[PDB]
Amino acid sequence: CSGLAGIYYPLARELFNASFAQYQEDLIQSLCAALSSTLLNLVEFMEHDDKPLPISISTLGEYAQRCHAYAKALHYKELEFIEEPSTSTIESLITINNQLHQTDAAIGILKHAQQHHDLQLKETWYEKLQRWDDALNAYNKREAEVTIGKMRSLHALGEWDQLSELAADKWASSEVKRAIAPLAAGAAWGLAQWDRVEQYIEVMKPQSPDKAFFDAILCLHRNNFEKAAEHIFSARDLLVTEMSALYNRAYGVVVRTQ
Amino acid sequence: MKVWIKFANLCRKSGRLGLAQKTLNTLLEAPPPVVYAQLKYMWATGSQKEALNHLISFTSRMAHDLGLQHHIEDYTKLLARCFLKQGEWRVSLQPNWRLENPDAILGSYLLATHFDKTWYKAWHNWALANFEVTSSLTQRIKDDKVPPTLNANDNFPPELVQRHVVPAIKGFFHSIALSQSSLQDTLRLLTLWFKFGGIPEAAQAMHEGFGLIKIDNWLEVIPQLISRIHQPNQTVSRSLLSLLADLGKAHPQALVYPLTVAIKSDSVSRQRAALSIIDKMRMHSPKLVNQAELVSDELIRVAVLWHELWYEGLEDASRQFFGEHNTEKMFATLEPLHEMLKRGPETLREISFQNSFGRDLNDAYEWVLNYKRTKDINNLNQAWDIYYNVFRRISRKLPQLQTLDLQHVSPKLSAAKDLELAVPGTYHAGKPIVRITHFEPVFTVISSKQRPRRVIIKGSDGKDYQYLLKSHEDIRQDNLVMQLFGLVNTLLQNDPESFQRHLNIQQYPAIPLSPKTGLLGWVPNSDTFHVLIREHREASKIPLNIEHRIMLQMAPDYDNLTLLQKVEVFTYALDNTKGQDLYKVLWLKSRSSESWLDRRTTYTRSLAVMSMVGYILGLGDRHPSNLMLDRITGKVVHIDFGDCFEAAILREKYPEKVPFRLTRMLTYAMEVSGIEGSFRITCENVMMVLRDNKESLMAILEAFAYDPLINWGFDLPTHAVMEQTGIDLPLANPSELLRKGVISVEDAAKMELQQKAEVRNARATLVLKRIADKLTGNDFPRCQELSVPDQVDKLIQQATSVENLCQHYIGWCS
Amino acid sequence: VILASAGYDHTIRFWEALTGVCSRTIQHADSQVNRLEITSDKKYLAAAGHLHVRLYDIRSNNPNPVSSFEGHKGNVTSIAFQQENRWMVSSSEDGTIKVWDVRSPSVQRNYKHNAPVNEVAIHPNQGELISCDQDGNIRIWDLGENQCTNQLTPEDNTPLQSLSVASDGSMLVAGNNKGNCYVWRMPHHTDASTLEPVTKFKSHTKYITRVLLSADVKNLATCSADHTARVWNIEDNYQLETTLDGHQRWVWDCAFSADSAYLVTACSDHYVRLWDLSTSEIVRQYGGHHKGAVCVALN
Amino acid sequence: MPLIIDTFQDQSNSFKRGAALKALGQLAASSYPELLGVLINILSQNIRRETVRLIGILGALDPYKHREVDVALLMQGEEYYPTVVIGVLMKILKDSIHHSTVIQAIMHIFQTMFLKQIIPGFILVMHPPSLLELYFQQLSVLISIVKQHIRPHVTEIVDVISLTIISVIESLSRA
């Protein structure tokens, strides 16, 4: 007809082989078929095809792979970056493994890239800072935005005073919202001062899980259970959705939630 | 505090910034533990006598406090106090403790240890400090024995004693067993003891302690137990062998194997002792002893194809004769072949079937016996001729011999349908020990120089346990191998988030069989590197060797290839080639495509652990044959370990030394930039190794490699004894001392072997030396430690370089 | 001015003077030839591909059997026939230098090293010399006597490809795994020569192989298997002079014998293109080796 | 909430880990901020691992291989590929609409006109009267080849039930 999908797909591949056995017809047909955009079903079918032997549409494969977003594509794209030395595609791969959170070794390959072929700048500093590295580096280079990133490292670092400098920047430039929010959060963490904190949270965001935490933190900073309760339930629900999306990643993260 | 203090110790383990930060923070806040904290921050600073100062300061502080809640606070603080004593003790011991100060040092240790009631699993290591005091003492006794220019060394160690000191740390070593080191320091102190001596102090003390400790403790190292066979001084060592059979009696059939093996091998006097222990076995639950005896003996029965073994062996024997005129010497081996002939057509349709040929040959052999025993010539002809014809016939049979079955060979094997204890090396201490469903009489004859026939024997659990013939191989060596590998995997279990990264070496069990023999098994579904590769690459529809191809293409031979010639050659070929096929096998194995990822990490870590393992232990076996991986989601199989020492150092053929072996783009394309982080991960691991147990357990396993005839066999072979062959060659005397000052050499004899074995101890000394270099550490023109970053780096270079590496002949399979 | 080269093709033939057309029967076969050397009178010419030195007469046209010299086991890395051409230096891959003198062809020498003996050398006094292996510091060795060492180490790591001494009487120079060649200034001695290091100078920084001073040593040359070679002017500060045009090749031979005008080369390309040492050229570009070569000689 | 005050009196870990995981899954599954407040009240490495062990006890083997599956064949795997197809079809077949499998096997042998057949021996053995008819004909198809090992099973099915008289007659014919 019983209609069986998997039955078809492999069989469809056998047929695809028979076609592969001008098929310019097949060529364009399947091409546009890919262009159709269920999706991952036939996508994977194609993957199987390739696995037996190449169906081509190389960087097309790469593209549609990205389109899948499923991050298993990161393998296909790996093969892509496996082909040439594209520092761009390289970076893409870096962030890809970041998505994969296999990214430790990939960061190895990143430091390698800066070592092997030339080097990058932005994602370079960003990832090297994701690595324990880049810190004094981002410090000088910014001394030479990215400064907000170095500030994020300062948060990762100690020196809530350095964070107070970043806070001077916050007053200076106040996006400016998002920037200040995470930052001044870090500050209030370091700096027990409730006032700068007040400024912070005030400046934070309509949906602000961290500053929900801060909201309640302030309610607690003096008295009120109530607003704190609000923040509690609400942010609880937010993180609830978050985990609901989901270790193997989130264990630590959700653990942080709990 | 102790909360936030725990946060502080965390900070200590944690990187610098947080370390010093939280340090200062919490320091600012009986902060005796915080004393220890800031102290740790000082170790972070590294000020020697600042440390020592405040250390002794709080020491005397608490001394006054406790004289000689707040009470319990002081109990804990006491533990920490002694702890401190040891901590600073080691801290200075860095600079120190060769001879000298260590005495006092050790005292403090013991002092601290005396104060302990404790963390003293920590002070187990400090009881292992005291034991290492007994070591440095023994080393000082090794210093005295070296400069002595075994009652001599006995009295030497005595009279204080260092043995008196020793027995203390021995009982505390048992106490350490009680603490957890673990099996490592266990066996360590154990052999340390047996070798120490049997004297009255030692005798009584060890009697109590060993008596006071456990069995299953002693259960491990049982191979190393057997490694002691004939105790030169029966003494209390005799009684210790008694203790050996005693512990043995407990769950003997849980192993009992070593018994069987030692029985199989002829230890002579020690084989008589083996018969004694056999009696013990033939005593305790004697039935299982019998069944097992049957099992082992039946294995030994299977063995080689008998007449075939005799045939090939005699082929090499006549090779020996004809070449160089060995003759009678080789014919003495033929006499053993006659002894094999003297066994007659024993088995069923094997030697039985072999009768005719064998009978005829035997007649010819008898005909070869007669006139060669007359003087030479007639039967010197008849021998070579009959052996030639029989060589042809048996050559024909040998091809036909590819098939294997028990009933038509030694049906006695087939005769056993089931036996109580099978567990074919399963050997889980606690277990559901399995009986056997045995297997089909038909077996799989391996194809090799050994042609090491194999099967998988269905058990009571219905799980067929792959077994394999091993012709002239030390599974003991291998036993030790998986053992050290278990020390490894212990550290793995002992590991850090590396253990969250955890990858451990799967240890293929292999049963030893005979003095030269063994029982292997086919691993979990696997792909031999060379095999699998050759398959896929050929199934890639392309020349198996593009290597020998691009080679011969490049020039006539790599044999005469100079460093240059070989360099440019390897270069050009490399250019022509690439290893993406490997990565494409990954891609072939990739199914579900997350397999590509995961298994990439798998093989990555595989490579890592391998690297650590070898770089430690040598034994590269660059053969992609020797190389293997898993048909499962997979891990690398590095098996069949020849020995510690460099095959380079060994060789003879080719100069191959690298800590690892990496098919270039195989390794590379395996993940991203090849082993950038992967080998960096490896660096982390090997660093932990290089830290943790790098002293104690490392040296312990070293000692394992160190010592006697089976092990002395692997290590001899590590040279080999043939590479230990001739020289000037006295040490001083022995050349001119083999002169008319003889024949007493024939009357005395003995060493001989203590000379070679002294050299064994020498090579061992050098080995461990190379371990200390290896561990923590040094190598190359400079040393430092070089620690993680460097020792990893130079490792990586050693991996990177060179054609000199690639100069490995035919075994590199570049 | 007889001309020939030796390939991994295992067969060699003598190139004519300006023709470069190689005609002779010279068989490295059973092996390659490592170095290439004729006699002082160009009587016999000996080389070793593997483990045995083999002389085929330079004076006689394609004699197979000039001499056969057993020695320290390996392809002899380099060797020196003295002015005497009786006592003759030889260095082998064996790890220790054993010189085969021409005496019967009689060989007695022992010079130990920490690696394969890289080259057999001679000092301003032919009876004087030194030995620098693929290991490390040069070891001074005299003629049939008084030979132990004087250690000269250009580096603590890089393998020294050869011990290189031309006739100056003040000089030092070499080639190695470095690719940047460490050279020194020797004193005036038979052999004493306290070195006055010049520098490690990269012409081809990747594996500089053949290191040869010019005829007057006013120039200098470094050949590499990197297919990269750049001549220098040794007259002034070894100032880099002539990039040597070559295909992908291994040149263990870079020289100009009777010229210092036209530059003879060594190509793994199987055709050796000889340049003009003065500027550049292709001078009788060809080879006898079907596969390719690094080698050359002169007579 | 009970678990909450329990926590007030204790820490959990233990077997609850697995449960919690299920619960987590359940929380994920049943997510009303019921489950919200719940996991909120739930209140990692080691535990993770041990949980992977317990779940390894909870599920294993076939589903993995099923996810590894056919595609599996080709992985391990022309002639072969086609045969593998056959096997796949058969796999689903045994894996219901009976007559489907009937015609399946029919054209299966027809096309065969093997190993898989042996497996399919057992398949047919799995077994209304239509079954009997079709399968009888199928045996007649099997009359092409020679058991070997189909024989005993053949006898087995032949027993129950002993119409099919002609079928078995043909079995002996094929004997």
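Note that each Cβ is placed from the backbone with ideal geometry, even for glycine, and that neighbours are counted across all protein chains shown. Read-outs: derived from the displayed coordinates by stated rules, not from any lab.
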Karplus 3J(HN,Hα) series, Hz, for the stretch B:414-426 with 6.51 cos²θ - 1.76 cosθ + 1.60 (x for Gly, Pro) | 4, 5, 8, 7, 8, 9, 4, 9, 10, 5, x, x, 3
Residues in the stretch A:233-258, backbone N under 12 Å from the label point at D:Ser14 (7 Å along the Cα-to-beta-carbon vector): list them, ranges by number please.
-> none
Mind checking D:22-31 for the average number of partner chain beta-carbons within 10 Å of each residue's beta-carbon?
-> 2
Least to most buried among B:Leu309, D:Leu24, A:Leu53 (fewest other Cβ within 10 Å first) | A:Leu53, B:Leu309, D:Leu24
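Looking at the square roots a ≥ b ≥ c of the eigenvalues of the Cα gyration tensor of chain B, which shape do they give, rounded for a/c under 1.5, prolate if a/b is larger than b/c, or oblate? If you can, show how the numbers build up before the last one.
Details: a/c = 1.80, a/b = 1.41, b/c = 1.28.
Prolate, since a/c reaches 1.5 and a/b exceeds b/c.
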Gain in span if fully extended, C:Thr199 to C:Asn125, counting 0.36 nm per residue against the direct Cα distance | 24.2 nm
How compact and how long is chain D, expressed as Rg and Dmax of its alpha-carbon atoms in Å?
-> 26.1, 79
When chain C is treated as a Gaussian network with springs between alpha carbons less than 10 Å apart, the largest mean-square fluctuation among C:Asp142, C:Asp30, C:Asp133 is found at C:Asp30
Partner chain coverage, peptide B:586-595 - average Cβ within 10 angstrom = 5
The stretch C:197-226 and the stretch D:42-61: distance between their alpha carbon centers, rounded to Å | 66
Over the stretch B:286-411, one equal point on each Cα, no solvent: what is log10 I(q)/I(0) by the Debye formula at q = 0.09, 0.19 Å⁻¹?
-> -0.29, -1.00
Calculate the tail of P(r) for chain A: the fraction of all Cα-Cα distances greater than 22 Å, expressed in %.
-> 69
Going fewest to most other Cβ atoms within 10 Å around each Cβ, B:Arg476, B:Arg61 line up as B:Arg61, B:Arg476
Please list, in chain and number order, the residues 5+ apart from B:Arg454 or on another chain whose amide H is under 5 Å from its amide H, with Hs placed from the backbone.
-> B:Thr444, B:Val445, B:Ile446, B:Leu469
Computed over the Cα atoms, what is the radius of gyration of the stretch D:70-141 divided by 2.2 N^0.38 Å, N being its residue count?
-> 1.10
Just name one of D:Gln138, D:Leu39, D:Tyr64: the one whose Cα is farthest towards the positive end of the charge dipole of the stretch D:35-175 (beta-carbon charges, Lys/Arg +1, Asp/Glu -1).
-> D:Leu39
Dipole magnitude of the stretch B:81-228 about its Cα centre, charges +1 at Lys/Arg Cβ and -1 at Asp/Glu Cβ only, in debye to the nearest 20?
-> 220
Set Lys and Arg Cβ to +1 and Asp and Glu Cβ to -1, take the dipole of the stretch C:164-245 about its Cα centre, and tell me which of C:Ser167, C:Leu244, C:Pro187 lies farthest positive.
-> C:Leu244
Under the rule rounded for a/c under 1.5, else prolate if a/b exceeds b/c, else oblate, using alpha carbon gyration tensor axes a ≥ b ≥ c, the stretch A:161-230 is classed as oblate
Before rounding to the nearest 500, sum -39500 (n - 2.57) across all DSSP H runs of length at least 4 in the protein assembly as shown and divide by the residue total; then give [θ] at 222 nm in deg cm²/dmol.
-> -16500 deg cm²/dmol
Of C:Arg59, C:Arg273, C:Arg35, which is the most mobile in a GNM of chain C whose springs link Cα atoms less than 10 angstrom apart?
-> C:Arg59
If you wrap the stretch C:15-68's Cα atoms in a convex hull and average its projection over all directions, what's the area in nm²?
-> 3.8
Taking the Cβ of C:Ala266 as the center, what net charge do the other residues with Cβ under 14 Å away carry, scoring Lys and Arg +1 and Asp and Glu -1?
-> 0
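What shape does the stretch C:31-146 take by its C-alpha gyration tensor, where a ≥ b ≥ c are the square roots of the eigenvalues and a/c under 1.5 counts as rounded, a/b above b/c as prolate, and the rest as oblate?
Oblate shape, in that a/c is at least 1.5 and b/c is the bigger or equal ratio.
With the cut-off at 31 Å, tell me which of the pairs B:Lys578/C:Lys200; B:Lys431/B:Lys657; B:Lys142/C:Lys73; B:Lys2/B:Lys49; C:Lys42/C:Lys98 have Cα atoms farther apart than that. Each step should come with its number before you reach the end.
Details: B:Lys578/C:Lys200 34 Å; B:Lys431/B:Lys657 42 Å; B:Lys142/C:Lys73 41 Å; B:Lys2/B:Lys49 26 Å; C:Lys42/C:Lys98 22 Å.
Beyond 31 Å: B:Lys578/C:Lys200; B:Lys431/B:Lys657; B:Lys142/C:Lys73.
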What is the spin-label model distance, in nm, from D:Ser144 to B:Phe7 if the labels are put 7 Å beyond Cα along the C-beta direction?
-> 7.7
Most fluctuating residue of C:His189, C:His50, C:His247 in a GNM of chain C with Cα springs under 10 Å: which is it?
-> C:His189
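The protein assembly as shown: Rg/Rh from Cα coordinates, Kirkwood Rh? Could you put the intermediate results ahead of the total?
Numbers: Rg = 38.9 Å, Rh = 39.5 Å.
My calculation puts Rg/Rh at 0.99.
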Which whole-angstrom value gives the distance between the alpha carbon centres of the stretch B:672-698 and the stretch B:745-776?
-> 30
Along the charge dipole of the protein assembly as shown, Cβ charges K/R +1 and D/E -1, which of C:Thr39, B:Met612, B:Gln234 sits furthest on the positive end?
-> B:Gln234
Between the modelled labels at B:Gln797 and B:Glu346 (7 Å from Cα along Cα→Cβ) the distance in nm is 5.7
Ratio of Rg to Rh for the stretch B:9-62, alpha carbon only, Kirkwood?
-> 0.98
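Taking the Cα centre as origin and putting +1 on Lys and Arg beta-carbons and -1 on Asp and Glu beta-carbons, what dipole magnitude results for chain B, to the nearest 20 debye? Mind dumping the intermediate values first?
Working: 95 positive and 90 negative charges, 266 e Å.
In total the dipole reaches around 1280 debye.
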Other chains' Cβ within 10 Å of A:99-109 residues: what's the mean?
-> 5
State log₁₀ I(q)/I(0) for the stretch B:67-138 at q = 0.17, 0.21, 0.26 Å⁻¹ as given by the Debye formula over alpha-carbon point scatterers of equal weight, solvent excluded.
-> -0.58, -0.81, -1.12
Alpha-carbon centroid distance for the pair the stretch B:478-526 / the stretch B:620-668, whole angstrom = 16
Under a straight-distance cross-link criterion of Cα-Cα below 17 Å, which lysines are reachable from B:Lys287, leaving out those fewer than 8 residues away in the same chain?
-> B:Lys249, B:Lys417
Taking a cut-off of 18 Å between Cα atoms, list the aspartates and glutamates near B:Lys121, but don't count ones fewer than 8 places away on the same chain.
-> B:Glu88, B:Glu132, B:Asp185, B:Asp495, B:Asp692, B:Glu695
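Taking neighbour counts of Cβ atoms within 10 Å as a proxy for exposure, in what order, fewest first, do A:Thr38, C:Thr158 appear?
So the ranking, lowest neighbour count to highest, is A:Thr38, C:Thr158.
Place a +1 charge on the Cβ of each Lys and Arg in the protein assembly as shown and a -1 charge on the Cβ of each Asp and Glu, then give the dipole magnitude about the Cα centre in debye, rounded to the nearest 20.
Working: 159 positive and 172 negative charges, 587 e Å.
With only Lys, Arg, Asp and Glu charged at Cβ, the dipole is about 2820 debye.
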Please report, in Å, the Rg and the Dmax of the stretch C:161-299, where both are computed over Cα atoms only.
-> 14.4, 45
Relative packing of peptides B:3-11, D:151-159, C:217-225 - highest average C-beta neighbours within 10 Å first = C:217-225, B:3-11, D:151-159
Starting from the Cα of D:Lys22, draw a straight line to each of the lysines and keep only those under 25 Å, dropping any in the same chain fewer than 8 residues away.
-> D:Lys65
